[PDB]
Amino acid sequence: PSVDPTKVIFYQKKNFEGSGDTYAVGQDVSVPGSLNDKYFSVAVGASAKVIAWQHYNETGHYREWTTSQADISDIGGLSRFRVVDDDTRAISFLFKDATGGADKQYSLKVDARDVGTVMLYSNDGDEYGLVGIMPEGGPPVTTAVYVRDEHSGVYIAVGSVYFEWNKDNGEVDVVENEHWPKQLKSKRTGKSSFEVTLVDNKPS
């Protein structure tokens, strides 16, 4: 339909039918099961955006709804969402391994305090994990990270990642400082998405 630009309306049926529950920018909502136990479609205000993810596990699985969606019945079991400004960024990682390991041989644990702990596995497909949410010009954030060989149990590296808003580019930047594991390389894949690659499997 046509809604308040800083609001979103979730509807019980597909194609925006029924009364709908309205939510405002700033609301963070967690449900007992999945979002689909109540909602099948969502109208998104012109200045709003929804970031939805899974708070009952550490997969980091998420979706962004930036425009009205007439069918959200098939989104995985996403169970939490935040209504944010249109220019607020979902920070996401995909974890790769260039050292010749098996699928899921390595894990990257990211202790995101806003969206919750995420456990990413190496070369485990194409689904990014949500590891933070940063408003435009938001405060910088440090998040602890842990790189482990899951087979052996041995930690390759322990450190942290520093996110900051880049005002010039209107982007999120990963700053690789002295606590960023030298064994990892980040590569930008979007305004706030990064492929993080294990380039060396020798422990610190």
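Numbering starts at 1 and follows the sequence shown.
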Can you tell me which stretch has the higher mean Cα B-factor, 38 to 46 or 165 to 173?
165 to 173
Could you settle it for me: does 178 to 186 or 15 to 23 have the higher average Cα B factor in the PDB entry?
15 to 23
Maximum C-alpha temperature factor, selected from 54, 30, 152, 160
152
Assigned third (lowest, middle, highest) for the C-alpha B factor of residue 3:
highest
Where does the C-alpha B-factor of residue 125 rank in its chain, lowest, middle or highest third?
highest
Chain-relative CA temperature factor third for residue 85:
middle
In terms of the chain's CA B-factor thirds, is residue 139 lowest, middle or highest?
highest
Third of the chain's Cα B-factor distribution that residue 103 belongs to, per the entry
highest
